[PDB]
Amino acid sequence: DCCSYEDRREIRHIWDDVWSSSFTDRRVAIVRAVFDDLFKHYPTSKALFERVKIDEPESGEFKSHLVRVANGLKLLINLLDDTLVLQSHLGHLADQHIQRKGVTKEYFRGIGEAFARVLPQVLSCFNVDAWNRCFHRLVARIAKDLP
């Protein structure tokens, strides 16, 4: 259950296919689906997003937030090969979430389940196992002091 070098390389290939275009449509919609999944399984999490306007899901402030998450994840994937920079940034992402009261270890487990349910729907020949292994390793660090 450790994120191997092979896993990390496997994820790099996968990632080229979800994160295509330099337009936002694809990366708004996937992350939107991931969150819909999150809110379906942990509905109390929906309240953490009022400041970015979930109440107006097509608002632009909400869509830009979706893109920020997308790019955040894209940053993480593109760091899977610079492990010391990764280690450092992971701490930064952790501090951003610690500073949002209500964000818990459970919700991060839930976003994990959301990605594993959704990603296989956007691309085929997806190696969900490698993905989960690395995603859990990333989430482990981000959520270390959250609950």
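Residue positions are given as counts along the sequence shown, with the first one as 1.
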Pick between 89-97 and 50-58: the one whose mean CA B-factor in the entry is higher.
50-58
Out of 129-137 and 13-21, which stretch has the higher average CA B-factor listed in the record?
13-21
Going by the CA temperature factor in the entry, name the top one among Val122, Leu84, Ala33, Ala70.
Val122
By the entry's values, the third containing the CA B factor of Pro43 is the middle
Temperature factor at the Cα of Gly110, chain-ranked in thirds, falls in the middle
